[PDB]
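Peer 1: Take this structure first; my questions come after.
Nothing in this text is a laboratory measurement; each read-out follows from the coordinates by a stated rule. All Cβ positions, even for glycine, are placed from backbone atoms using ideal geometry, and neighbour counts span all protein chains on display.
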Amino acid sequence: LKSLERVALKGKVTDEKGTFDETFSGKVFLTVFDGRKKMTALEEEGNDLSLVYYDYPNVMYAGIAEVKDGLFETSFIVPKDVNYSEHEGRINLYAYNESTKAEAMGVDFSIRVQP
Amino acid sequence: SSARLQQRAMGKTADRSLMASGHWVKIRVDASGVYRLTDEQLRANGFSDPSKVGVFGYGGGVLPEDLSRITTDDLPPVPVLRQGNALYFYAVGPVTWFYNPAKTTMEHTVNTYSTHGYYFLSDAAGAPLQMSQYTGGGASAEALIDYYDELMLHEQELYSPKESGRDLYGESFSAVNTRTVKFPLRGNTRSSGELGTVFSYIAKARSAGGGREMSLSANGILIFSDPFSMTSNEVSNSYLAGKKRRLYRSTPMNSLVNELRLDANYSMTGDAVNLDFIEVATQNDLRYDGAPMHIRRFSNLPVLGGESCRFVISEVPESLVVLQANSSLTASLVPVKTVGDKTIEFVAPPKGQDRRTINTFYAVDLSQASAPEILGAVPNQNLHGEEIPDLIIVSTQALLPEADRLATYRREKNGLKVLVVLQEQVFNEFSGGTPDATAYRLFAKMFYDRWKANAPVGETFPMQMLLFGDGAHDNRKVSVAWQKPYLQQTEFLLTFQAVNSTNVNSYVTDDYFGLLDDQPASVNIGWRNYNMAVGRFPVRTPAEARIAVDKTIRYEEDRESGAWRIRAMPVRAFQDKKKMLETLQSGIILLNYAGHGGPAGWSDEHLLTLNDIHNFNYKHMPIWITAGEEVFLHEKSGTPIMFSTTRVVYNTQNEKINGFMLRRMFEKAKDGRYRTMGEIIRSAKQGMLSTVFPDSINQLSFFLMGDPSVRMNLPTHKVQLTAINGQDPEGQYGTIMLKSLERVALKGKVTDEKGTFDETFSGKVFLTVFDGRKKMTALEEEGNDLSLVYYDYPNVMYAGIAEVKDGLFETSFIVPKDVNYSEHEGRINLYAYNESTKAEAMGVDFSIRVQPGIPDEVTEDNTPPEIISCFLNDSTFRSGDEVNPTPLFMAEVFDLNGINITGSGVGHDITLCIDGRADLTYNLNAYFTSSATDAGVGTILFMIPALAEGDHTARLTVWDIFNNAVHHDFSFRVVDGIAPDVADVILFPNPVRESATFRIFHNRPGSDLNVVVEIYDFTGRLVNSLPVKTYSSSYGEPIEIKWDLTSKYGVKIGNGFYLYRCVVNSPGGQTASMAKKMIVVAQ
Amino acid sequence: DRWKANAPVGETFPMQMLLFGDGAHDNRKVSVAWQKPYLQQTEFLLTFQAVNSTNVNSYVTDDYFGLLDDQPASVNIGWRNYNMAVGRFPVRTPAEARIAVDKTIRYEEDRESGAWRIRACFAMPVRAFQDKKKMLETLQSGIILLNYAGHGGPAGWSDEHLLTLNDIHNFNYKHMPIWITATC
Amino acid sequence: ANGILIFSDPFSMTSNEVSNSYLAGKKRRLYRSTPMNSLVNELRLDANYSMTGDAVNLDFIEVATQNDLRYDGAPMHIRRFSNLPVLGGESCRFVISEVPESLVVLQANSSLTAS
Ligand SMILES: [Ca+2]
Ligand SMILES: [Ca+2]
């Protein structure tokens, strides 16, 4: 994914066994990070180095999308932001079937932001 | 050198306490005043000669946190005056008062640690410290005064918000909008005069703005009306937890005579508003009104600081004295003069020349003085005379044996000088028996000061302190929440609460107890040097304590848990040959952040102690070992330690700090061992002051919950196999193919933690070889539920020891004809011990995989069994030696395809035929025990029956499964009562899963002798000694002992290679058996 | 009994019981070890002790409370039908209790903790040796491991100090309890 | 009892029984009727264990005396089982003397069945 690129997402909802659930219809919530959280030590010429979490893998996008008969599709524009991050990004997904009150969830690490 | 003499001679602390001898009786008070002890009372409390008894201690009122201000040491003698049959002294209660020159009034202070002032009575003295005359009484008075300031204090310590401060709060205005407080006004109170009042309360609004007002009124006259308000954001905040307000004011009042009715009114219902206290100061005449009077004078002073006043008290009974008593240790008798009927006069300064002290003149009728609370006799003690220990364990009474158990463990295993004391004892010698957080600090300081004197430049203080016990925020347990019948008034260790400037915020900390330097008072508790590491076990009951100690002991002893970290979620740290070496020693400690689980009021009523807050249950990932500039770090072995804080900390632009990293955490000290967690944390803590980057809010206070003497269970040295049957095993998994009855040759080395070859490591290596890996196996059936085991018998192929010379070793073993259906990787456990450095090395290898023994069992085995050894009673036995009528025949035997235990089938049985006689033909098949550790090896152990004194001959014959036989002829001379008493033992089963049974065979049946089964570990340390006595009834039968695998410290032993043997404690000496290999696998 | 009347054939009793409180072995708290005001003034829930033939051995159990069938007396407490599931929070004080409830609430609500078990698609993972449709049954399988509360004291200590269920079975949900069997 | 020996029970254990941790004591219950004389104000029972240092504890002593059917200024739970001259369910004439006639006799095997 490149800065200011429109990225198109497509996905499905399955059961615990991974079989496609066409009965799952409602909304899907999904947040997209440009990287992974990682502990960072603020170094200096002192042996002790108090450390944080770069708990700001930047949020590239966050939005909702309708899920009809097991499927959904949305898109978002990649912001002009931090891509020095090595390795994968992260997409968190949470779907809710309004009629059955059932919850679905997923995590994806296929994306990588580029300069 | 000559300066050494000047250091000792100018020694602050005593080399021996006064409490070391003489009779000691603890007493206490709940109110400052004069207390009396009659000779009869003293005789009745063990004082044989009451003339020699004196008073000792400080009383209530806290010790200064500015150590330089503490001038006294050990047990300070209290000045006492004697009448006839009794002695009197001025005691000091928990409430004490000080002068505030800004508000030109006096203010009170409650002892946070104690509800009483403790003192001591003792003959040790030889005689009491006689009270002296007051000297400060000036010659000329610059003013004749007609009244003094009588102080009173309404204060209910009901609620204890943990966050607010060191203070407790009283009465709420949440439901009741108006609360009335009545003060008794006493005789000498003047009808009319200025009514001084300090009104302290706290308030949090539940809605924004609004007409909220706290109003006081005395006997209907309004003193004040204070407006209160809060912002929507202040109401919305969780941490804001109330605005403290203190209103000072003198109100001219009339007709105040029997009772003073104060009426506090808060105009709004539903808020979180509480009264803290009300101080009332009345103007009273200098006249005895049948009650002692603490004469103080500060209001409308007509004189300057240090100038003398003429005081004249009327209606004095003649059995009354006036003491100038600002403290117990400075009480003096004011020399008065009689100036009329029941009228006396003295001259003195009401206020000191410092202009910040208001002298107290206590007038008291000694006929009315009564005894303090005699608590009782206390045993002698001498903490002052203790040698500098390595560790100080401060315990409560209940927890003492559990503390002493840990002490004994550290003394024995870690080889430490450890001092165990009861906090009571610390209070006796460092705060005159009164509970005070500073008493701990002073006790530590004693040793610190002593050490520093001779300590070399650069060296850090080696001592550590372990607070063995939980601590309550409300130290006095006076709040309402502390009176629940369900939780009950147990003994806790004190908590110290670092209060900041003007009671704004406050944090509870144990670091206070390790601030032992002589730094100046300008340095706040936060920026002082952490000299001594402090750790705490927040345990309430002995059950909780035993669990803590057992966890800590089992950590150090489970050597196999430490090899798991060497056998290697994993988060990568981005830091912002020689360079990679520093990162191998690095480590990350992550703080545990104890939350706010309750909706404001719940926490305050239910989270009362450090244990409740920092839940000391084993919480997620505390220590990480570090194994484009992204370093990979892994969390390893459940270390008993926990680092906990409640307050959160942020970095430049609110970035939350999750912990800290020490680039030289795992760097070994001069002793070649890693540093103790306590020291690691102490240097860490000390470093967070020291650096100019964490100088603002970046400094953070956390709890070391755990034994500070704990060392991370991580190997100092590793054992590495270099060749197995000629193949290089490094990096291989189930590659090196081994066959049944194949001689396998092993070769290996010993390295340091970095993996560099250690040629200095020389001693013995213990190693056990398994054909596979432990795996869970479910016993299946057509039922959905399937109860499951562990195939906790990946069969032991071999187990033995080997010498380690200049870093290397080599041994061999024969693969037994056993289970090879196992698929993939086998396992070799290695444990080396360097006898000279007492250092331990460990290793695990998975390069081996057993293969099918092609299985025709052809008649190749024509080689008969080999008699390895064949003795009577001892190992030092040559054929034809002397022996008593009841021998104990022992014989080690070997055949690659096994010995005959089948039974019958002609003379195939193992037999001992003495003097070629059928009369004593024994089926010793039942006395043979196949070696679980050495392939083909077997051992025979039996007790030969008695016979007359003469030369004898015997033949041992043993047959193998392939029908090849062997004979072994030997002779021996029986002599009536010549041999010593000796026994041997066999372990059933081996390896050991849950329990072990030891069957002992002896040489002297019937006779009453002392046998013991001793178990040792690869380091040679005794695990335990199971003792047994041979009873008369059991004539000629072996004895059995069952063992639950618990160590001498009462902890179940871990998996590993052990050595069992038995010793016979005879009168003239001790005879031991040969050590035998014991392997433990299911623990 | 009320449910069974109208319950359809095959359906199991749906009700459950939660004993919200710790239990003492000496229910009357009359033994010497119990003589101590905290231990005394605390209210506990009862403990049931399944005593066998002629007081030989005995085990403490809460399963007794779920034995609601009308089976005959010949069937011992060990062989009767566990009709109702029973669970216990061995908590003594409200502080203990709040911690238990907070832990249980936060478990259901932390949806992200449940996605960590589903995230394991990258491959203390122990392999169980037992005896498309066959692989489907193993995805639904699970292993529960029992926590074995030991004998930490030298005989007499345990009897004077381990007085309640909480003291014996240490409450703070400890060591690997539930394993999910996963297949690629 | 009052100096008259009721019994003397021999006790013993194997080296393996002593060595075991779970063994935790052998429960023993001794039943017995002893003809006694002069039992009138107090009955002194003297239990003696011949060996010091063992883990031996008394559980209880039940004592059953033969008493006359006569009011002795204290309520009496009249039960009769010893040397019964009748079979189960057969009736007997009970005669109590010295009764104050503010006295009743309830046949009370339980609270709910008191008559
Ligand atoms: Ca207060
Ligand atoms: Ca042979």
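Peer 1: I'd like to know which of C:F65, B:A799, B:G659 lies farthest towards the positive end of the charge dipole of the protein assembly as shown, counting +1 on Cβ of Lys and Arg and -1 on Cβ of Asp and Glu.
Peer 2: Of C:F65, B:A799, B:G659, it is B:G659.
Peer 1: On average, how many beta carbons from a partner chain sit within 10 Å of the beta carbon of a residue in D:15-26?
Peer 2: Mean shielding count: 4.
Peer 1: For segment B:61-67, just list the computed ³J(HN,Hα) in residue order, Karplus coefficients 6.51, -1.76 and 1.60, θ = phi - 60°, integers in Hz, with x standing in for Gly and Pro.
Peer 2: Working through the residues one at a time gives x, 6, 6, x, 6, 8, 3 Hz.
Peer 1: While we're on this one: I'd like the mean, over residues of B:654-661, of how many other protein chain beta carbons sit within 10 Å of each residue's own Cβ.
Peer 2: Counting other chains' Cβ atoms within 10 Å and averaging over B:654-661 gives 5.
Peer 1: If you take the square roots of the eigenvalues of the alpha-carbon gyration tensor of segment A:4-115 and sort them as a ≥ b ≥ c, do you get rounded (a/c under 1.5), prolate (a/b over b/c) or oblate?
Peer 2: Note, shape of segment A:4-115 comes out prolate.
Peer 1: Considering every Cα-Cα pair within segment B:882-954, what fraction, in whole percent, is farther apart than 14 Å?
Peer 2: 65
Peer 1: Label 7 Å along Cα→Cβ of A:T74; segment A:24-49 residues with amide nitrogen under 11 Å?
Peer 2: Under 11 Å, as judged by backbone N against the label point of A:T74, lie A:27-32 of segment A:24-49.
Peer 1: Students often get this wrong: which residues of segment B:397-440 have the backbone nitrogen under 20 Å from the point 7 angstrom along Cα-to-C-beta of B:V523?
Peer 2: Residues passing the 20 Å test: B:438-440.
Peer 1: Could you compute the net charge surrounding B:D390? Neighbours are other residues with a C-beta less than 9 Å from the C-beta of B:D390; K and R count +1, D and E count -1.
Peer 2: +2
Peer 1: Still on this structure, I have one more. Using the Karplus curve 6.51 cos²θ - 1.76 cosθ + 1.60 with θ = phi - 60°, what ³J(HN,Hα) values do you get for each residue of segment B:796-809, in whole Hz, with x for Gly and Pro?
Peer 2: Karplus values, whole Hz, x for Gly and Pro: 7, 5, 7, 8, x, 10, 8, 7, 10, 10, 6, x, 10, 7.
Peer 1: Could you list which residues have their amide H under 5 Å from that of C:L19, counting only those 5 or more apart in sequence or on another chain, with H placed in the peptide plane?
Peer 2: Hits under the 5 Å cutoff: C:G87, C:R88, C:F89.
Peer 1: By its C-alpha gyration tensor, with a ≥ b ≥ c as the square roots of the eigenvalues, how is segment B:380-475 shaped: rounded for a/c under 1.5, else prolate for a/b larger than b/c, else oblate?
Peer 2: It comes out oblate by the Cα gyration axes.
Peer 1: In debye to the nearest 20, how big a dipole does chain B give about its Cα centre with +1 on each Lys and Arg Cβ and -1 on each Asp and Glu Cβ?
Peer 2: 3400
Peer 1: At 222 nm, what helix-only mean residue ellipticity would chain B give, in deg cm²/dmol to the nearest 500, using -39500 (n - 2.57) for each DSSP H run of four or more?
Peer 2: Helix contribution divided over all residues of chain B: -3000 deg cm²/dmol.
Peer 1: So, one more: Would you mind computing, in nm to one decimal, how far apart the modelled labels at B:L786 and C:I143 are, each placed 7 Å from Cα along Cα→Cβ?
Peer 2: Here the modelled spin labels are 1.1 nm apart.
Peer 1: Rank-order B:74-86, B:853-865 by packing density, defined as the average count of other C-beta atoms within 10 Å over each peptide's residues, highest first.
Peer 2: Final packing ranking: B:74-86, B:853-865.
Peer 1: Among the listed pairs B:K12/B:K417; B:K445/B:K619; B:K838/B:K1076, give every one whose C-alpha distance is greater than 29 Å.
Peer 2: Violating the 29 Å limit, Cα to Cα: B:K445/B:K619.
Peer 1: Compute, for segment B:234-378, the length of the dipole vector about the Cα centre, with Cβ point charges of +1 (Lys, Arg) and -1 (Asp, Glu) only. Units Debye, rounded to 20.
Peer 2: It works out to roughly 600 debye.
Peer 1: Say the dipole of segment B:207-346 comes from +1 at the beta carbon of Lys and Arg and -1 at that of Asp and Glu; which of B:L256, B:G242, B:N274 then lies farthest toward its positive end?
Peer 2: So the residue we want is B:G242.
Peer 1: Would you mind checking which residues have amide H under 5 Å from B:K351's amide H? H placed 1.01 Å from N; only 5 or more apart, or other chain.
Peer 2: Here the answer is B:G306, B:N359, since their amide H atoms fall under 5 Å of that of B:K351.
Peer 1: Can you pull the one-decimal nm distance between simple spin-label points at C:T183 and A:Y84, each 7 Å off the Cα toward Cβ?
Peer 2: 4.8
Peer 1: Of C:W157, B:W24, C:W3, how do they rank once you tally other Cβ atoms within 10 Å and put the fewest first?
Peer 2: C:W3, C:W157, B:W24
Peer 1: Taking beta carbons within 10 Å but only from partner chains, what does the mean come to for residues A:54-63?
Peer 2: Mean number of neighbouring Cβ atoms from other chains: 1.
Peer 1: Using a simple charge model, +1 on the beta-carbon of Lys and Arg, -1 on the beta-carbon of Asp and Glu, nothing else, what dipole does chain A show about its Cα centre, in debye to the nearest 20?
Peer 2: Here chain A has a charge dipole of around 420 debye.
Peer 1: Test of the criteria: in segment B:982-1082, which chymotrypsin sites (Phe, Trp or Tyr not before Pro) are in a DSSP loop and have at most 13 other Cβ atoms within 10 angstrom of their Cβ?
Peer 2: Answer by residue number: B:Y1031, B:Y1035.
Peer 1: DSSP loop (so not H, G, I, E, B), at most 13 other Cβ within 10 Å: list which trypsin sites (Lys or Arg not before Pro) in segment B:356-414 pass both filters.
Peer 2: Answer by residue number: B:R356.
Peer 1: Projecting each Cα onto the charge dipole of segment B:577-656 (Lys/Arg +1, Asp/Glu -1 at the beta carbon, about the Cα centre), which of B:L584, B:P622, B:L607 comes out farthest on the positive side?
Peer 2: B:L584
Peer 1: Turning to a different aspect of this structure: What distance in nm separates the two pseudo spin-label positions at C:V60 and C:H151, each 7 Å out from Cα along the beta-carbon direction?
Peer 2: 1.7
Peer 1: Could you give the length gained on full extension between B:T1046 and B:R647, defined as 0.36 nm per residue of separation minus the Cα-Cα distance, in nm?
Peer 2: So the extension gain works out to 139.5 nm.
Peer 1: Once you have a ≥ b ≥ c as the square roots of the Cα gyration tensor eigenvalues for segment B:441-598, tell me rounded if a/c is under 1.5, and otherwise prolate or oblate according to whether a/b is larger than b/c.
Peer 2: oblate
Peer 1: Using the beta-carbon distance between C:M176 and B:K243 and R0 = 35 Å, what value does 1/(1 + (r/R0)^6) give for FRET efficiency, to the nearest 0.05?
Peer 2: 0.10
Peer 1: Between B:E630 and A:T19, what's the calculated FRET efficiency when r is the beta-carbon distance and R0 is 35 Å? Round to 0.05.
Peer 2: 0.35
Peer 1: Here's another thing I want to ask about it. Between Rg and the Kirkwood Rh of the protein assembly as shown, both from Cα atoms, what is the Rg to Rh ratio?
Peer 2: Checking Rg against Rh, the ratio lands at 1.02.
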